[PDB]
Each structure stands twice: as structure tokens, then as C-alpha cells.
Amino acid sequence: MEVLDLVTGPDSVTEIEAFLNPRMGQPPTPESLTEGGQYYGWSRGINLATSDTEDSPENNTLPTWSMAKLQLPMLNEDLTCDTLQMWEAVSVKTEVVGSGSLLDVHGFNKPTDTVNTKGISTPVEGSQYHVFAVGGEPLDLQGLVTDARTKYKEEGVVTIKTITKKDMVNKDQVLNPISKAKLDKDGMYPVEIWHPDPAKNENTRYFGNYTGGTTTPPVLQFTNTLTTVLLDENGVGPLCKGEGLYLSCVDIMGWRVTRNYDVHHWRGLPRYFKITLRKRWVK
């Protein structure tokens, strides 16, 4: 596809906005705060392997990618025309919202004074993972796991086996080019399995960062003044195939730890996107 001039005139530039809620493990329903809804925004209690050969994590303990497909206004009455128009994503203002909520240290988590069961309710700490992507097609994913022996459920999550129809091999602990997918569904692709594929994603921009550890302080910045440029080295942004715009993210802040056997629950926060798009002539 040959990229030409920018389209000018009325309605040649648009802005669209969306929020993507986190997918930490507990689904949005049931809504009742006594039936599981109290865990929404969190995972359920992380369950551990029982031996070196028996690692069966429950689906509601595994954070998954958030995604949304936004439909843009149709540009072309006739797709057989020599020159067409496409929506081009120029820039995005993105923000992770709600870090202030982590200042709640008055709850019933493991307390900081364990002798007297006093102090404060230990705040969310530990491993953090923040990735976002904006593209004109689904985010391309590359599988890679800690342990190819992990017995993921066959129903309820998309894993390497879901794609290949075969058990994971040892190569899946490093880069196995066979283990590929596309982020085409919200709350289904575990982030411990599926990574942005650097060998593809020519029409997507992604930005990720990881900080590990168990008690690591979470850090976050937020402003409405920061614009992320989406143009490539040739001045071209993601081009929206069939007017579809794909937003993908995950924003893990760490864990809270309960007073019962140090059970951990992942915490995620929602992410806002405001994308500026312009019309581009293409051949």
C-alpha cells in the first residue's frame, strides 16, 4: 500500500476516546459484592503448584490483555477506486487512572505490625507490568512461558495449545516462531504467555515496561499534558484497516496480601486513550 498526501477539508481530523478496564481474573459479573463482585479489578487468590510437575493455575488467577476495537467512520464508497482514504492514528494521550486508590491502607490486608495485628493494611506492592498499543489491526502476539509444563485450563483462556492444538514444547520457554496469535478478544489472553511480537506489528505501535520483585514499591505518573507520537520514521501512523482501530493494554500494579496464609491478589487499573486521527490518501 502506497501512502500519499494528507486529506484536507471538513472533518478530515477526528479524536476518539475510550477507557479499557483491567482484566485481572475476576470477570465484571456477578456484580454482587458478596458473590465475587468484590474482587472485580483484582485477581482471585493466586493458587500455587503442588509439585515440580503439577502446576495448574486457575483462570481467575491469571491477568489477561485488555483490548477494544473501535469502528471509525466509513471513508470509501467504492473500494475499486485507484486512490482511497484511510484513517491514520497520529498520536495518543494515554493515562492509567486510579493510583490514588492505592493510598487506602485502612483495609483488612496483612497488617504491617504482625505481633499486635496493628500498623496499617499493607498497600499493593510487587511486580508491575504496563503495556499499551494502538494499531490498525489486532496486536500480533508471540507466546513464551516460564514453564512449558504448566497445565493451563483448556477452556476459558487462549493459551499456546489453543493455537497449535498440541502440548507446549521446551522451545516455548524461549522464542518459538510457531507459537503466535493475535489479540482479537478482551480478557482471554494471559499476559504471562502472550507478548507483543516484534517480528510483526508493522501497523501497530506498542510500549511496554516491566518491574519485578515481591515488595517493590509501585510507581506511576499521570498527566493530561503528555502526547505519545504514533508516526513511524517515515512520518506515517497506524493505518486503520476497514476503519478499525485497535487498542490493547495491561496495567498491573502489584499484589495485595491477605491475612489468611499470605494469599496474593493481583491489582490492575484502567487505562484511558484519546487518539487523534487524520485522513490519509493511499494507493
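The first residue of the sequence shown is number 1, and the count goes up from there.
- Coordinates for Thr80 are absent from at least a third of the other compared entries of this protein that model residues on both sides of it.
- Between 143-151 and 98-106, the higher mean Cα B-factor belongs to 143-151.
- When the C-alpha B-factors of 27-35 and 44-52 are averaged, 27-35 comes out higher.
- Residue set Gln173, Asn116, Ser121, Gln128: peak C-alpha B-factor at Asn116 (per PDB entry).
- Among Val92, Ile178, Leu183, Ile193, the highest C-alpha B-factor recorded in the PDB entry belongs to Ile178.
- Annotation for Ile163: CA B-factor lies in the highest third of the chain's modelled residues.
- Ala18: CA B factor in the middle third of modelled residues in this chain (values from the PDB entry).
- Split the chain's modelled residues into thirds by C-alpha temperature factor. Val250 is in the lowest one.
- When the modelled residues of the chain are ordered by C-alpha B-factor, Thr211 sits in the lowest third.
- Remark: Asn60 belongs to the middle third of its chain, ranked by C-alpha B-factor as recorded.
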